[PDB]
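Okay, so we've got a single protein chain in two different forms coming up as structure tokens, structure 1 first and structure 2 after it.
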Structure 1
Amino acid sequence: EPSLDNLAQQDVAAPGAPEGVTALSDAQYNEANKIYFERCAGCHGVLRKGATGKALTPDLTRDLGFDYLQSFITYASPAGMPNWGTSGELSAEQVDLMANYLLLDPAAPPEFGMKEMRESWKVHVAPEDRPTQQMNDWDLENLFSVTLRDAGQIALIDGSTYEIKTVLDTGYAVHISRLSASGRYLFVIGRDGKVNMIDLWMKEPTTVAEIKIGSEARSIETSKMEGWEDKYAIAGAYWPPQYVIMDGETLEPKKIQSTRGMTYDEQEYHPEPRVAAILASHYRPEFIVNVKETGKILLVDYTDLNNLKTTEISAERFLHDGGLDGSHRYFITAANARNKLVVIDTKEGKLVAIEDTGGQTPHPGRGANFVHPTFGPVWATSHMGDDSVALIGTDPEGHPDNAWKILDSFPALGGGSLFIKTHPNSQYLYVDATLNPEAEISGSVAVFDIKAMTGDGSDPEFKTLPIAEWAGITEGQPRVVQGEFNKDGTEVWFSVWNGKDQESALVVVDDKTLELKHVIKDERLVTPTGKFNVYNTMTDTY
């Protein structure tokens, strides 16, 4: 569940206390408010309307009373509520503050529309003043854009020499980097809703435009339909619940759409549907937008923004991440809280199937496409809740009997996995275990030989790569996360994510031998997490 710390840093005036409630001073309220958005709003919602956790609105809390709230916040619950008090995570004083805060009127966060976006919109280098051709001698397609999380920066690293070409400041922790279809523009989205556009053709690449699109955001994508290269970029926010279509060269906000609506199943109004993953169709000039809480997938046609055509597909609640199959026609996405994979046909714009993975909390990232020796084309995902890896058939025409069925499920290193990865030129399938409590596991990666798979019910064995050990890092609990290949698919990189004041690293593995190749360590390499190779990102190769 998300931490909405940028919303937390918002200062609000303390509301008055109604009948039977004690009032908090502006200082007490604000202290409690920051805690709420940083630690509770992810599960309970910004508006306290509920998401993973129950609703905590005044009408409900005032009936429960101070003592009930105080105890629950203190001791937690087995159902999922954390023991803030007994764990020592929150002081006795803060627990009381939270209990009081919950009895008061919810702080209504501000909206953020066109006026607000335009005020934050800054074009540093006008399109006219930009290069007409690449002015640096870098191999752009083999460049890696790495998130230096806590430092609010990104590093551009050379894919063949491993030289850190440049470290750029964005102002706040970014979540991901995405590339325009031409590979010229790099877009980074900050957790604070800040979008930075970087021109990779300049002698010294730098931000040529920036804009804010909300208070909390995690996703962005570029137009990838042939004929629409560099035309648009779209960003989605957690708060306010909306997505925004922007000009692909200036970041000028063109269209803002609210995601507030009815849940697909119960058809009950939901005031806070967060935008999760956003992908771009290769079959139609459309963006694919996941709306989490309502369980809807939107196919947004960008050929006409005034007479806007959209297809709202009823899927499954708690949609998060996902990716396209090998042919780029089908979108496969995880409804994580419900252990389901939803398959969408982007050519026809319809729901194809919804399958239970048999695992707990699938989290594929964009997933991994490969041709299984016996099953044919499949897409794979690992899970956060357990050690299982599941395969789903993705070839309706060639292997009709295997299409959209979970063909196999087998264990990898352990629970806490976040990313699975492969490349068309590789015969290996890499699976991490980032969130595993055991250091030996979270610092390692499991590797399966695809060519050795038989799908005869037996569990395929895997090799364990001690990534953290190879990096020479033992201080703190380094967590290895996300494999990402170079342009050729001959080398795969992993982040050895350590604390802000600890030593981190990036480990390059030779895909053909599964041996350590190179370790990147540098003082500026603070909390490296997501890494994105320009070529693989712009072409959706995974």
Structure 2
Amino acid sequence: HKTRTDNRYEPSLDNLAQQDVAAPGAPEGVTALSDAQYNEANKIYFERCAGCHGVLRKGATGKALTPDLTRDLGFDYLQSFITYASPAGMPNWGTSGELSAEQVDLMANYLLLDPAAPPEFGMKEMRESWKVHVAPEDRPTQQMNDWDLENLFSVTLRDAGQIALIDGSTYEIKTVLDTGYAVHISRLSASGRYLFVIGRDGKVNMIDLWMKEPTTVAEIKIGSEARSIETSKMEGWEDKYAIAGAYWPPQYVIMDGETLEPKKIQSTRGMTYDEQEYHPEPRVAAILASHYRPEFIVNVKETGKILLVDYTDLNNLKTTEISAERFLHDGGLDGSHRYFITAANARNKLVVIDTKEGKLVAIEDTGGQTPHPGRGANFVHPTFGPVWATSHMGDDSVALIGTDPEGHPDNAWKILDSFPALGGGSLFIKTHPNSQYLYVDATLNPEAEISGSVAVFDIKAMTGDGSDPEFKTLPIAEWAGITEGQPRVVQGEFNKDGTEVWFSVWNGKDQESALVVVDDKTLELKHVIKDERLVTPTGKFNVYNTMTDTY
């Protein structure tokens, strides 16, 4: 229950926590909580505990806390245990994990009562929230603004419920668009015309980059808690569909790529792959799109299932449910775009799926604690050949896995090397075909100096001889020149040409933040982006690199 560098990345269901709940009756031997006491405890539970234990308390990374188990433990045990607090959430907006004596009582009593399941969110609810602001027939037939769309960057202004569209060459903020609250990621249609953003509360906004003044042409709510979205990327299916994944309800939704009309909702509730036991809360994590078949690649966390969903027929729906490893989170395709490599983070494993054949290929331990690749980093190692890399939240290690079964059979799907970067708390590793450098952040590191810097390895100098490759440390936060707080540097993202890499210097909402652009060839500071509108910048997504999956 203490704060580890690799346990702060748990889901904070703060949007779901806003829903009022009715206090249940208490069975013999259990004391009931008033509506207010219960609601106060429920809000705390959803915001700080549900991530590890589940809203239904059936367990996730943390064990189940169902009434039968908790009642056996007793109020005294629960009270004493909860007194120590709980793991802190993500920095800047997350919880501290500290509880008062009054709250420790509410929490202990709450865990002894029978929880209700939060409301479902189906077609009727989605269609009611579905709004087409600009019908397809009323949209332009060609780009009507003069922006360089493919070099645009879509930046999340987290706490402001907005995104900034920034010119990748001039660094001018072309526009700031409202979305509501905390967009998690931006994804582009295969043609690069449509920008899709998903907010943590399940709201999806679709933006037409071809309009003279790009704006939301359609919006829809697909759940109460969501983190993922993706577009159809199979040749011939450009702009056909979009898909969104939710934590609650546990489901994914395929929507029309032009109107956001909800077409197919699929529940992810089901059996765990290994112990084959029913799990009522299998959250949808990363969602990618196949380049080999007209399918979406969906990670189902708690059950350890990777779904290949064929979108050529939504009525006679074909899917391949792949038994993988529990706690699937993020991942990416290799350089050839044929293999999906994903982190089963809590189990320190990388799962590899062949998207052409639709089958599991390998599962390997990285030797590190809690791999968190984001989409990862693909590059040609001088000795090993094609590899994909990931850093870790739990330690300072960077692991490389071979990704070329045809040309380098002996290295394929094997962890070829592991070496240290700046320190623990890493979230994103990055490179680009035109770059000779491998960038690794350390966002969640407890040391300000480290969390504000980035490690950079020279791929060309890598020998794979077993020694630890040296790295240059870029003082990103220092380059941004921010006085107050301990801003955290996060997520490298390259421009279309792969000549410049951007990083977010993430500070609190009422504090100063910035984006730092680094000249990839020289590893020197290129530009510092600051604007009063740039509030809590986090995710950044270059249109071209996102639409083509170039990483």
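Between two forms, the rigid core is defined as the largest C-alpha subset superposing within 1.5 Å. Here, residue number means position along structure 1's sequence, counting from 1.
In a rigid core superposition between the two structures, 87 is the single residue of 161, 306, 87, 267 whose Cα is displaced by 2 Å or more. With the core held fixed between the two structures, residue 76 has its Cα displaced by at least 2 Å. Here the rigid core is superposed, and residue 25 then shows its C-alpha moved by 2.0 angstrom between the two structures.
The two forms line up on their rigid core, and residue 427 then has its Cα shifted by 0.2 Å between the two structures.
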